[PDB]
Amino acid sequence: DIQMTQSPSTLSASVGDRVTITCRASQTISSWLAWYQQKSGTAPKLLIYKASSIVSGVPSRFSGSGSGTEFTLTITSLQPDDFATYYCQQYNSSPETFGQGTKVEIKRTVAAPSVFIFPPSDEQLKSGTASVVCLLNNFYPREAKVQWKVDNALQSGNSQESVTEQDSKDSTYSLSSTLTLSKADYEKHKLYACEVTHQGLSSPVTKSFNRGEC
């Protein structure tokens, strides 16, 4: 059984740039390797087979190389629509195994997020459950730690979050963290904070509200 590991697991780059993804097979597979590109709502696209053979319809900028256990996929000049995940597949022995995929994201400037906090609705509160949403708007890199505190007392395990895909116009991310308690435990405290750290932050920005004033 053959395991395919690629590197890096992810990489950020710019239009125009020279991008190269790497592929290691756990035993020699001669030249029996294919490259696949995949975007979001779409099926994988075949790009390369026999390690270097380009498909009818794949742009000249795409090039493959390698034989044995080390292989390489190379976009020469990057391009608006080349931002995607690339999978390598070995078709030597069965089963066919894929790589873990390499997501290629866009490279923009560092951008500090803009933070917002949202108290529970009047009508969610009628339901026994109380949700508090912290929003981190438009930032880069994708890394951000969101910390809830009540009152100045760190929560953990009540806070799911989610990140937007790399925005099409300004290539920034957005995050939505969501504290969730009962209209009983809520209701036991006054001070709901939401502290945020980023790479483009001088100092950890906090948004907080007093319960029952909101």
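Residue numbers run from 1 along the displayed sequence.
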| Of 120-128 and 80-88, the one with larger mean CA B-factor | 120-128
| field | Mean Cα B-factor comparison, 148-156 or 48-56, giving the higher one as deposited | value | 148-156
| Highest Cα B-factor in the PDB entry belongs to which of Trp35, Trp32, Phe62, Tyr173? | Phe62
| Within this chain, which third does the Cα B-factor at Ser26 fall in: lowest, middle or highest? | middle
| request: Give the position of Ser40 by CA B-factor within its chain, expressed as the lowest, middle or highest third. | output: middle
| message | Please say which third, lowest, middle or highest, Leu179 falls into when its CA temperature factor is compared across its chain. | response | middle
| query | Sorting the chain's CA B-factors, does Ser168 end up in the lowest, middle or highest third? | reply | highest
